[PDB]
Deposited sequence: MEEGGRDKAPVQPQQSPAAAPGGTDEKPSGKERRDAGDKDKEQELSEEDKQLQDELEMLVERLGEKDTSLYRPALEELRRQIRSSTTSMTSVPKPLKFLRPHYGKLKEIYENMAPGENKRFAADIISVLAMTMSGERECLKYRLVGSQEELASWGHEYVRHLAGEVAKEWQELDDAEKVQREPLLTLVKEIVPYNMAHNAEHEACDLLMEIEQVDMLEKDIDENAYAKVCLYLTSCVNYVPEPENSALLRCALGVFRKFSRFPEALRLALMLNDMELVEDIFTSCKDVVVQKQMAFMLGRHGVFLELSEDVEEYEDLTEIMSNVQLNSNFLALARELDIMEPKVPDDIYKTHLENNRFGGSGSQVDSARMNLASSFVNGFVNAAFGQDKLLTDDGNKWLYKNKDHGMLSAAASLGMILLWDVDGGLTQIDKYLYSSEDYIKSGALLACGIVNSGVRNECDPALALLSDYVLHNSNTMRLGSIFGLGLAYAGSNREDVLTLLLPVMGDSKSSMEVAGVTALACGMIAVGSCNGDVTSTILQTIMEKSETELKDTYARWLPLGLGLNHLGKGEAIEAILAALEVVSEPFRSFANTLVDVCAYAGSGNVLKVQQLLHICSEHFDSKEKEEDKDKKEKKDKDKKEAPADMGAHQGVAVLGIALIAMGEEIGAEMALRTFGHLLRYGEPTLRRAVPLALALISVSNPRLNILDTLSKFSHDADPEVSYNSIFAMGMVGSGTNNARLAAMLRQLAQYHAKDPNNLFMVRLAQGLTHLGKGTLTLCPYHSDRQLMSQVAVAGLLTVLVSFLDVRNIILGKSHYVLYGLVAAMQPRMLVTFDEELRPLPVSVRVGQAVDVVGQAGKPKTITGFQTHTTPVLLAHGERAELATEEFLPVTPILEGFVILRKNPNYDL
């Protein structure tokens, strides 16, 4: 009897927590495999904690269902069951020679040795090519050995040196090579100062990002570059490197003209542009380390400001020893201002994000200790914990000692640093206990309440792991905005932007539009920038209409108008071909570099009045670290483009129900060089080709199906 054995398995699971039991489970599990009730068998081993021998009893016809069920349960179970579940599912995948999806789980585990072992064990060169594509998208690089066959192509794929050419191939394919002037975004003719020039420079950088062509800077841009004034003249030059993103040869050619300027602002903006150009792509000759290294100890603080941030963006998520050893002494330098120390913290955190680097942590802690309380009152000091927090991004319980080291620090900076590092350690984990602690922090009303904004941001930074926590945190953010103190509610728009970046869902956009025209100027700026961030790179027509209406409303307010222009530039990022979402591979893999960049921008937005609206708007270029293309290329065995027919539609959960359910709904058929919106999956419409990886995102390699045309 099926019901009797189900009840027996339930009773066995109940009494295990309280010899023949092993025989009972070893007989029940194959039955559930036979009668297609895989998830009940998975629950059995999950309860009695013997998921080890579940692998031995898996057949070819059911590995996908058990793997998907085990992986989907990880986001909602705490440690140490996360590691056990990931390793069991990875072992099941490896036993079945499904190398790409095993590498996905290894990247989830953040086990570098396991990733290298999976990459090396596979014998299929094409499968290794696809896995190198996933590694390059994730920002993970393996130092392969020379005896490995096809070393050059594998390293080139992992280093993303071909990303720029493929992106330009898309742009030519979608005939969107034409540059867009910021006036095309503003559409001021339909409407019935240095700040606006800086806003237009930022829009010009955002819209034409990674395209390499521009009607306003690739021409004789000295007129436009000098049209800005003072520190805005900093960012415009840096924007010139944003158009040439991922193009470390052409971009550095177009930036070198500005490296000879007698003006410090243009020179350091161009240094930051050189750093931006090298972001993502991993060149072997290290051009960014060659150009920006000589200006990290310059007399001018602007020289250092551009150079350190450029080097951090270029080598973000790399954990390079040479760059870190070159950047660490900048913190303790006497001539380094608190701005330079904060930007050094940001760069060092971005370079060694999620690596728990000992030198970075020790140097940041020493810098924090040496600063006096009056110095710690400076808001740029807030970047020091962030670089520390980025050092331990997603590590979890590895910050306790660091927390102890932070106990001696004086308040209120001690509370701010503690909250920031505690949040960063549990980023993308969904730990409801940590979110409960953050809500406890946000509960107490109060200078004194600086860390409350960080706690509000951290609620989103933890709940971003999966959709259930995301929507629940949306409700929590509504409550915080209703009941919070003004310092509490100035960060809620930033949390909304973080939790739904490049995902312009209607409810969040409406919530931000309600608070866009708010009495408090800071929450208004944050709400407008969050409207820009939420629909960043989506080319949302409705969001563009709201932003144009806001520009009409905020015409007389320079700060609000600047924020509106920034949001408009973000909405049309990369002409709709780029995304800032830190989650890829069906929103299951968290890119530490993207999270680092988003944090660098959003935490700095907690002082939008003095940082973003002041002389430090260049920190917006941290979004470059999070700039990835919403990609779908099908390549042949020799990496040449292969136009194929695919069906693109909103992703549908498959776990649970049996059969072969449709994974997409409301789909349409397009040729493969197409852009995927957030939450949109793509599947091969025909059976002519077999993808190397199940996930049809980024660069995908297709093989000829022998069964087709039998």
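Q: No C-alpha coordinates anywhere in a stretch? Then put that deposited-sequence range on the list, in order along the chain.
A: No C-alpha coordinates exist for 1 to 154, 173 to 181, 356 to 366, 621 to 644.
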